[PDB]
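Alright, two takes on the same chain below, each alone as structure tokens: structure 1 and structure 2.
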Structure 1
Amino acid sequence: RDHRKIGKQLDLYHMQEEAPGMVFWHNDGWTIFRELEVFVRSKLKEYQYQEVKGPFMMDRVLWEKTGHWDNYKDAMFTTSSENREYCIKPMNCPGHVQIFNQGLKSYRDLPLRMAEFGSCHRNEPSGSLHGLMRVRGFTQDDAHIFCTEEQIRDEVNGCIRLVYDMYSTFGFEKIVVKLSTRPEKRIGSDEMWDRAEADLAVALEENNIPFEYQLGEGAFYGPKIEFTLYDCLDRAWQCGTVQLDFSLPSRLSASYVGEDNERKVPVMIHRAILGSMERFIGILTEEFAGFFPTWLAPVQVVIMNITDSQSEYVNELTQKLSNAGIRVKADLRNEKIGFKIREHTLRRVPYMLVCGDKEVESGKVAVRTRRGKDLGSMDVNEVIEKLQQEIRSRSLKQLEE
């Protein structure tokens, strides 16, 4: 269960010294990534998030305003144009605030949930870089919630439900949660922190989640909730976070018109479920030992011919399944059937369909799996039905599992 070895065996990705900590996504790994993107977007539509795109770099003055220049300085890449210095974005938050600042905002626009798949580049020490898990470039599932003080609790709640939904989808039911509270010195009033902390704690309690306090471990800009999933090996992976920010909105001059027609500064919530999506792909790759659920599988079905006599037929089927929204390849190569079966078994292809003369005559397909289960001769439309159902339900288990 090493995501790098499995990564090479399935031709998911590769890395080079000319770009340390930056992934080359091959077709299949990128298919996995894009499927993750699809799932996340379904969740964004369900939980009602906007999806935006921020610029890759912004000038140094912005990053000084946000405080990244004081705190994040070593971790940022800098480039320059026309005697102006720019940092490549380590985070998507300031850009999101810049978007929020366009147009007048009122209380009616709140809560405003703004999501992006962030392309972030942090310059990490090269000695710390490991696989997909510790990288210089990465893509965050990143959202920011602009709300009022009264809307905090509910929004945190929605974030919690989102976390558990999304995690249970991949089969992680074991989640340890940590609430980090105020340090000795902080931005924001004692009252603001009391409200925020009470909101987090109470939300977690109402969702029936046992959690542990980490005292003084909260950032100076706000209290937070962190989510650690456990894999099938009982290894701990910290992914999800809900973080309050009392710093960013005032520094970037975010404001809205309240009910009283008075200028208010919105509360900000950083929320991420998977965190780094590259890293999450590493984690999934190791959890699944290379066998991905059908919806996550780069190639879902491979259709093979015994001889050239089946070729036409195979092609025919390959179109049909392709038009059904299934990811399917045909192996027409001149090879023995066992060669193909072996090759596609090592590739962890969920479904191998075999066409001999029997299938050409009958209008059926011989169905077998990567687990060595023979499902036997099946009607094509039946196969398409079951595959489509398995894909739409994002099931962890195959037919007859």
Structure 2
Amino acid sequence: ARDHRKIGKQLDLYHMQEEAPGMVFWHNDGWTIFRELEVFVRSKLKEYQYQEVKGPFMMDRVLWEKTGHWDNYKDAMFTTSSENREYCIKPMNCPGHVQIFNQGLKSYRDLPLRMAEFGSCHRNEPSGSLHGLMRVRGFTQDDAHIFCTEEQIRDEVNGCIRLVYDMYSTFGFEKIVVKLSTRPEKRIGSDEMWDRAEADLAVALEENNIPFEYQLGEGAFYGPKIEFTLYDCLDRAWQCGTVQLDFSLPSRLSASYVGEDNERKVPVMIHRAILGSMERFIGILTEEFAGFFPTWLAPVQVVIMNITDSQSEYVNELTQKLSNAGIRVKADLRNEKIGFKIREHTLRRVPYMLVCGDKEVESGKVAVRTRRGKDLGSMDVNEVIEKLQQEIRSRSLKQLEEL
């Protein structure tokens, strides 16, 4: 079956070792993909008007007792101690986000406050359940919590729902199934609060014309969940996105704002992650493309090769020029024959391969080749640069000219 663990070794993306179970060593080229995904999410955070923060890796166990995590996550939480106190390594970003909200006086005028983080979390998942990038102990969530009034729930859940379909469409995921995860057996909050949170999410889905199934007893301890599963090109299901309505944690953590009539009020909190674990999302993408990443995600977008020693200076000039123009480009000046070089970069799935022989030096042009074997012939360097810039800017799925 397509396997990201094999593709990832082939393409030198990352590795794992038993010295750090379920924790990824990101090699240069894999980290390049991770960083480009973060650039993409940030573009969406800007458009959708989110803050971006960073909360600490560890906080005192007492805070985690207060939230309800200690009772409901105890087993899954890594603990460490210093000077007679115990700290939990964070399994979730939400408590940190509340501590940031709690700094200073908040007004109804500050709401809806949308707070995002690339949140680096750890959970002590059983070793026997771990699997490549898909099931890890250290994962990074494209997380956010929205602080809002009850009157704002509708519009904010809607914005989260749009964002899911918006973002998945960029990667070519258009087949999406939705579920509503209802009250678990171990939960905090009254049944009436639950009645209300569940109906709020059902109503949002209904008004969006999104059909769903129930997922009985699978909501969070703090609130119910809209869960979004995409299907890939092999029609495999991946549950990724989550939208969660929380009437419990803010009160538990003494969060408040001053309302219009100057009465003190507790905000509602919406939790959401669209990609889920970025580690897992990269694993899925690697399998979806079978290594043929779109140019905007490809770790190396262009390799420029000499025929021999003769054209080294020209290829060096070209490499520098394309790099200044923001393309991930490298020069292959090695000993070997032209066909040894192109095979190597073809198997590395580099989008474009520029060939530079004696006649290219004198014309100021490049012979352009793709990783799917297409001969794009001689091209001017400025044309090559402009078309790649356009491909990258637009985050296009396919290369030049095809169906």
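Shifts are known only where both forms have a C-alpha. For the two forms, the rigid core is made up of the largest set of C-alpha atoms that agree within 1.5 Å on superposition. Just so we're on the same page, residue numbers count up from 1 along structure 1's sequence.
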**Hinge residue among 328, 176, 66, 289, where one rigid part swings against the other between structure 1 and structure 2** = 176
**Message:** With the larger rigid part held fixed, what angle does the smaller part turn through between structure 1 and structure 2, rounded to the nearest degree?
**Reply:** 17
**Asked** Supposing the core is put in the same place in both forms, how far has the CA of residue 197 shifted between structure 1 and structure 2, in Å?
**Response** 4.2
**Asked** By how many angstrom is the CA atom of residue 185 displaced between structure 1 and structure 2 after fitting on the core?
**Response** 8.8
**Request:** Quick one: how many Å does the C-alpha of residue 238 shift between structure 1 and structure 2 once the rigid core is superposed?
**Result:** 0.5
**Asked** Considering only residues present in both forms, which runs of at least 3 consecutive residues have all C-alphas displaced by 2 Å or more between structure 1 and structure 2 after core superposition?
**Response** 179-224
